[PDB]
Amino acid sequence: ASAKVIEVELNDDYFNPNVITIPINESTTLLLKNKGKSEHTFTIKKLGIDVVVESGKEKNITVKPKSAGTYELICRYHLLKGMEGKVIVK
């Protein structure tokens, strides 16, 4: 099991990277860094993830997906401006 923390930048108004891959049946720590001037969310509904991150702040979350597939990542505030991504569990 990797000690690697997966880092995701939230900026105005996009995720970087906008595709991430995490291992099935393992705990992965994600470091969510909001480098933008707006509040953003990191939301993966089908994985039960919904995190709000203040501008200039970061949060760690731990995810342990049990089903392989490609899951929708969105920011709830900016979905219509293209702030979405794909989270691949394999």
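Definition used throughout: the rigid core is the maximal C-alpha set that superposes within 1.5 Å between two forms. The first residue of the shown sequence is 1; numbering continues from there.
Visitor: Out of 11-19 and 74-82, which shows the greater rigid core-aligned C-alpha deviation in 4 other deposited structures of this protein?
Guide: Clearly, after the core fit, the stretch farther away in 4 other deposited structures of this protein is 74-82.
Visitor: Read off the CA B-factors in the entry, average them over 58-66 and over 32-40, and name the higher stretch.
Guide: Averaged over C-alpha atoms, the B-factors run higher in 58-66.
Visitor: Higher mean Cα B-factor in the deposited model: 67-75 or 10-18?
Guide: Between 67-75 and 10-18, it is 67-75.
Visitor: Among the chain's modelled residues, which third holds the C-alpha B-factor of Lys4?
Guide: Middle third, going by the recorded CA B-factors of the chain.
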